[PDB]
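Read through the structure below, which is laid out as structure tokens, and then see the notes.
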Amino acid sequence: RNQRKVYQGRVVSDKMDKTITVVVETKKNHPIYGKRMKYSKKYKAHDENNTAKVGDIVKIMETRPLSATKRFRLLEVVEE
Amino acid sequence: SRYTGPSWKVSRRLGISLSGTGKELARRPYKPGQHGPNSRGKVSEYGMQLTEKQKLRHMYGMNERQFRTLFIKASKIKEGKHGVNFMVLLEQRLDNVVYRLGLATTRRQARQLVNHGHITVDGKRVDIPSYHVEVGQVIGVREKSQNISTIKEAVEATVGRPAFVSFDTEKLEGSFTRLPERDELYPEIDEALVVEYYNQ
Amino acid sequence: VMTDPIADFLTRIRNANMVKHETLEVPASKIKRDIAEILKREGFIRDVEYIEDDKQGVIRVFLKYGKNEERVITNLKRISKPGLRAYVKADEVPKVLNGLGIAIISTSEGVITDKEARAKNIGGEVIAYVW
Amino acid sequence: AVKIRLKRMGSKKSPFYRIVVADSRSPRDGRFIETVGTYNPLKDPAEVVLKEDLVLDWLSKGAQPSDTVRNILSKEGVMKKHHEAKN
Amino acid sequence: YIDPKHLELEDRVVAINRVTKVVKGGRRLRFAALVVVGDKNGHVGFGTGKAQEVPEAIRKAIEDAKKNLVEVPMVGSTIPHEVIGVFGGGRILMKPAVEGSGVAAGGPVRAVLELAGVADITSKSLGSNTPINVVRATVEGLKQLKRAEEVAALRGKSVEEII
Amino acid sequence: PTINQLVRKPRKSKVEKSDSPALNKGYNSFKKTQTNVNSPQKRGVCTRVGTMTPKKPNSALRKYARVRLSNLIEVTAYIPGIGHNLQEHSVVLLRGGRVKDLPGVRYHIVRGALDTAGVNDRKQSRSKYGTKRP
RNA sequence: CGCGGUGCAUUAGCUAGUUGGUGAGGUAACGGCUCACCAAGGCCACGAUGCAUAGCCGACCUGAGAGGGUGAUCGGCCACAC
RNA sequence: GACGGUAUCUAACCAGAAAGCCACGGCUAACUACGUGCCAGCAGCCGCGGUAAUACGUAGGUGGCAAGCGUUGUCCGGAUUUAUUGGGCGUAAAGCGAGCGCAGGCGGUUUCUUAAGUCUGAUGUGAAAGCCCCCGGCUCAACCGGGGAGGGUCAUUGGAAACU
Ligand SMILES: CN[C@@H]1[C@H](O)[C@H](NC)[C@H]2O[C@@]3(O)C(=O)C[C@@H](C)O[C@H]3O[C@@H]2[C@H]1O
Ligand SMILES: [K+]
Ligand SMILES: [K+]
Ligand SMILES: [K+]
Ligand SMILES: [K+]
Ligand SMILES: [K+]
Ligand SMILES: [K+]
Ligand SMILES: [K+]
Ligand SMILES: [Mg+2]
Ligand SMILES: [Mg+2]
Ligand SMILES: [Mg+2]
Ligand SMILES: [Mg+2]
Ligand SMILES: [Mg+2]
Ligand SMILES: [Mg+2]
Ligand SMILES: [Mg+2]
Ligand SMILES: [Mg+2]
Ligand SMILES: [Mg+2]
Ligand SMILES: [Mg+2]
Ligand SMILES: [Mg+2]
């Protein structure tokens, strides 16, 4: 069976019930000059029981659309 | 289009004998025009390079566009000197093959023969003077044309066939045994200046 | 504050070489030792020795000047910098002066010259050029 | 439906054809699924290059050869092979 | 040092500059000639000559150039490797060129290379176009060039070991 | 600049402008605006004809025509050649090209096209000045 | 859904089904897609928003290359039919 | 079998019906005569013309190219003239008047580990056509056909651990 994209990230918003906002924190090389630049991507992931809090390192797996902006499902809480 | 004006003026402008006989340069070896005989100023490097390019393309009676495209092909050849290979392609040009075999007194004459279709490559008619003849291909005169005074006069008059060529008079059949060598080619020409000219 | 001790090492060598000093000294670091030994086995620098002190150690380099005090090392150049890193793939390994010079590269196989890197068919980080 | 048909190529008055599998709705010289052979009618014995394995696979899947493609597959025996495989 | 004798040298006049000195009465025009004289086999030099008349300026520059001949390494028809020569506003980059490509360069650099005997090379002028400076910069780059054997000897390794 | 500085503010190049701007813009009667369409020439009507004094180095009476183009822009165009049949309300074709002598002329009036009669007795460079081969 | 490809900051705040939840309805199908209730959330100097311009691409022109410019013909995709 | 008696082939007759365009002061290959007299006019830049003009007009020559030639328009180049490759900031343009400092950028030596960056292998994909390399077909070429290669800061996956 195929696999869905899973990303590590940090929670930055949990004030919404049953959901959390994570950050991916990747880097990219500038097309012209080639230096790596800090690039931040944030996703809205569905939380089952609001287990994750702010500033927690979590894994999220992409899923079918759940809300207007939810496309990810919480898997792990690796740090607090 | 084909050049058809006087040949002596072009040759003496080039400063080298196009026919190789030197007949044009024998008498009044100046550039044409009233200003030819008297003193003329020094030639720039651009003039020299243009003069070499003109030497080659006037030798082979080619237009600039066709000349430039053939020059590009020579560059595409991967091995050897670019200018030497360019001269090699110029030789393999069909008209020059007829001229080297001696079936025509002049390259213009050989070109007219090819254009009128009196030549046949491997027994097949070819009216394209620009046709590219490879090593080993047999160039023969059209059977209906073998008994004409002009080519007969040319064959009898001709006495030196270059080393790379091999010819048979009775069959009127010739072919390049191998690619011509640099020294075998015209030595008065410096292909390097032509290469630099087109590098611009 | 110093931000590239490797560049400082190269520049120490360049300045000492320019004045034709017999020797030079640098604070000891692993990558500095790797560069020094590469130059040693490539014959650019006459000799290398290492001293151990209570800060981090020291590395002393004896320069090489040919007959008539001719400078063997034409110059040194830092390629990969902290501001901008330089990584080269296997086919991208450069040749310094059409091979007359060398390029020191850091790889998963260690710190190697350009010849060795292309022989192993691996890329890496181009630390420096020397010629 | 899926078709095995001739996509026209070459030049004016000098036609050439590629036997390609394409959805019938696609343009003749436009979108196609896969190329399975060639066809040069200009030679007195028409020259054909074919991928018999691919053609048989698509026929089993349900492709419908056009008339000329069917003639080509018959002359190449592919239609007979598919017929036997059905049997 | 290179001895002018024993070498069949040939010269070329790069540029003839009409330089003026203002004197109480008016102008005092002179000609300054820059000349490059070479061997076509790896030796070349350049000289300057200032004189009231063009022939005398040219002669003076030729003598100066002969005195200033230097030797240029040359592998095959080209230089061992790439180089950039800088003098004042002059800045010339010279790279080895494949056989038969020719001498790609401009004016003064062309004269230096042709007289030096290089038949195939690429180059570019990244600095000023002042003839004297570009000629000086060109010779600086050529002097920078190094021989494989010499590099091999200095590094204490064979040419094969270096390459 | 440092690479980081370049990343923060990348290099930006100068923007060129046409030496013949009037040719670059068309006009739309419906929308009553100027379109951005490059044209090798442009038609116009000569609102005036006359002569102008060159800049200080030169002295002559350069012949010029004030022309309103098909895009409604009014410009001044030069009249090359010797003698012309142009008069106000005459339809002309304009090509690019400045006039160093004149201060404010940037376009030339193509000869031999529309009302611009060829140059009488021209016999060299006839293509320019638009006279048929005699 | 990840990632890539315009200009302007003399455009800095934008958002109220908006952001999420619970239900219900609806869809070939997930989903504020719609609705009722609950909360106040959501996006944004990593350029939101606004403004201007523009169909996108395979490709085409140039250049030593990096790049710059273009987006006809042909093919793919999209959008439109006073 | 629309194309269509089309391509194509044969035979006869004739050098007979088939060359213009721009340019020649320097850049830039191409030079002299008159006519003109800061006028007429030329010009891409420099600049030419005031009575002995290779710079204007014409003539004769000559250079370039050719069923084309020249002008205009537009993009790239030359332009290192936005410099990542590939520039600078004492006096030519360019160091904020100075400091404190959030974020950001960068960061001393070393042990182990990790493998995001980085390097590398395999796999999948980046259609076809087109560039490019081979090989054929059209009398040659243009063009056409066949086989490859190329094209990704790609996805999955296996390795390497010097550097970040
Ligand atoms: C009055 N004596 C002067 C004096 O000798 C000047 N030199 C110092 C001298 O200078 C000349 O020789 C010049 O070259 C200038 C010229 C205007 O007068 C000439 O004659 C100038 C003499 O007339
Ligand atoms: K809901
Ligand atoms: K559109
Ligand atoms: K509509
Ligand atoms: K001129
Ligand atoms: K730079
Ligand atoms: K200061
Ligand atoms: K890693
Ligand atoms: Mg033609
Ligand atoms: Mg048939
Ligand atoms: Mg001196
Ligand atoms: Mg639009
Ligand atoms: Mg460039
Ligand atoms: Mg000239
Ligand atoms: Mg004129
Ligand atoms: Mg004139
Ligand atoms: Mg540039
Ligand atoms: Mg000042
Ligand atoms: Mg200043």
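Just so we're on the same page: first chain in the structure tokens is A, next is B, and so on; residues restart at 1 for each chain, and ligands are numbered from 1 in the order they show up.
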* Asked: Which residues come within 8 Å of residue 90 (chain C), counting only C-alpha atoms (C1' of nucleotides), excluding same-chain residues fewer than 4 positions away, as a VMD selection string?
  -> (chain C and resid 117 to 118 121 to 124) or (chain H and resid 119)
Can I get the selection written as a PDB file, in the first residue's frame, with N, CA, C and O atoms (P, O5', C5', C4', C3', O3' and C1' of nucleotides)?
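Result file is selection_10.pdb:
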```pdb
ATOM      1  N   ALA C 117      39.440  12.373  -5.361  1.00  0.00           N
ATOM      2  CA  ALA C 117      37.985  12.424  -5.333  1.00  0.00           C
ATOM      3  C   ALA C 117      37.391  11.926  -6.643  1.00  0.00           C
ATOM      4  O   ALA C 117      36.451  11.124  -6.645  1.00  0.00           O
ATOM      5  N   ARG C 118      37.933  12.378  -7.772  1.00  0.00           N
ATOM      6  CA  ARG C 118      37.401  11.923  -9.048  1.00  0.00           C
ATOM      7  C   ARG C 118      37.763  10.472  -9.319  1.00  0.00           C
ATOM      8  O   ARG C 118      36.999   9.762  -9.981  1.00  0.00           O
ATOM      9  N   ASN C 121      35.290   8.780  -7.617  1.00  0.00           N
ATOM     10  CA  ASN C 121      34.008   9.141  -8.210  1.00  0.00           C
ATOM     11  C   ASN C 121      33.011   9.568  -7.136  1.00  0.00           C
ATOM     12  O   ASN C 121      31.869   9.110  -7.094  1.00  0.00           O
ATOM     13  N   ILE C 122      33.461  10.455  -6.254  1.00  0.00           N
ATOM     14  CA  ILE C 122      32.618  11.042  -5.222  1.00  0.00           C
ATOM     15  C   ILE C 122      32.808  12.549  -5.241  1.00  0.00           C
ATOM     16  O   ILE C 122      33.871  13.054  -5.615  1.00  0.00           O
ATOM     17  N   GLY C 123      31.773  13.269  -4.830  1.00  0.00           N
ATOM     18  CA  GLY C 123      31.846  14.704  -4.665  1.00  0.00           C
ATOM     19  C   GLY C 123      32.229  15.082  -3.251  1.00  0.00           C
ATOM     20  O   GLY C 123      32.823  14.301  -2.508  1.00  0.00           O
ATOM     21  N   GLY C 124      31.877  16.304  -2.877  1.00  0.00           N
ATOM     22  CA  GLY C 124      32.129  16.759  -1.524  1.00  0.00           C
ATOM     23  C   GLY C 124      32.122  18.276  -1.460  1.00  0.00           C
ATOM     24  O   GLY C 124      31.562  18.945  -2.323  1.00  0.00           O
TER      25      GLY C 124
ATOM     26  P     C H 119      25.525  17.223  -3.188  1.00  0.00           P
ATOM     27  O5'   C H 119      26.426  15.916  -3.181  1.00  0.00           O
ATOM     28  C5'   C H 119      27.839  16.011  -3.219  1.00  0.00           C
ATOM     29  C4'   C H 119      28.473  14.655  -3.064  1.00  0.00           C
ATOM     30  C3'   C H 119      27.845  13.546  -3.888  1.00  0.00           C
ATOM     31  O3'   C H 119      28.275  13.547  -5.237  1.00  0.00           O
ATOM     32  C1'   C H 119      28.108  12.806  -1.671  1.00  0.00           C
TER      33        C H 119
END
```
Residues up to 8 Å from ligand 14, counting only C-alpha atoms (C1' of nucleotides) and all ligand atoms: could you list those as a PDB file with C-alpha atoms (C1' of nucleotides), in the first residue's frame?
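As a result, result.pdb now contains:
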```
ATOM      1  CA  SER B  44      44.164  45.926 -41.473  1.00  0.00           C
ATOM      2  CA  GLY B  47      41.071  43.103 -44.174  1.00  0.00           C
TER       3      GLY B  47
ATOM      4  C1'   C H  24      33.621  53.121 -49.803  1.00  0.00           C
ATOM      5  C1'   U H  28      34.696  49.121 -41.339  1.00  0.00           C
ATOM      6  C1'   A H  29      36.463  45.769 -46.775  1.00  0.00           C
ATOM      7  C1'   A H  30      35.905  49.403 -50.411  1.00  0.00           C
TER       8        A H  30
END
```
Can you write out as a tab-separated table which residues of chain G fall within 12 Å of chain F, alongside each residue's closest atom pair and its distance in Å to one decimal, counting only C-alpha atoms (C1' of nucleotides) and ordering rows by chain and ascending residue number?
```
residue	atom	partner	partner_atom	distance
G:7	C1'	F:12	CA	12.0
G:45	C1'	F:8	CA	11.8
G:46	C1'	F:8	CA	11.4
G:53	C1'	F:36	CA	11.7
G:68	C1'	F:13	CA	11.1
```
* Residue neighbourhood residue 72 (chain D), 10 Å, only C-alpha atoms (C1' of nucleotides), exclusion window fewer than 3 positions, as a ChimeraX atom specification -> /D:19,39,46,48-50,65-69,75-79
* Give the residue list for ligand 3 at 10 Å, counting only C-alpha atoms (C1' of nucleotides) and all ligand atoms, as a PyMOL selection string, sorted by chain and then by residue number. => chain G and resi 54-56+79-80
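All chain H residues having an atom within 10 Å of chain D, based on only C-alpha atoms (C1' of nucleotides), amount to residues 3, 7, 127, 128, 138, 143, 144, 145 and 146 of chain H.
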* Any idea what's packed within 9 Å of residue 7 (chain F), counting only C-alpha atoms (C1' of nucleotides), ignoring anything in its chain fewer than 5 positions away? Could you give it as a ChimeraX atom specification? -> /A:30,32-33,35,37 /F:2
Please produce a file of the residues just selected, as a PDB file, in the first residue's frame, where the atoms kept are C-alpha atoms.
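Ended up saving to out.pdb:
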```pdb
ATOM      1  CA  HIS A  30      18.381  30.443  -3.077  1.00  0.00           C
ATOM      2  CA  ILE A  32      20.463  32.684  -7.668  1.00  0.00           C
ATOM      3  CA  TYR A  33      23.045  32.527  -4.877  1.00  0.00           C
ATOM      4  CA  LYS A  35      22.613  29.838   0.175  1.00  0.00           C
ATOM      5  CA  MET A  37      17.450  30.026   3.725  1.00  0.00           C
TER       6      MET A  37
ATOM      7  CA  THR F   2      27.694  39.800   1.074  1.00  0.00           C
TER       8      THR F   2
END
```
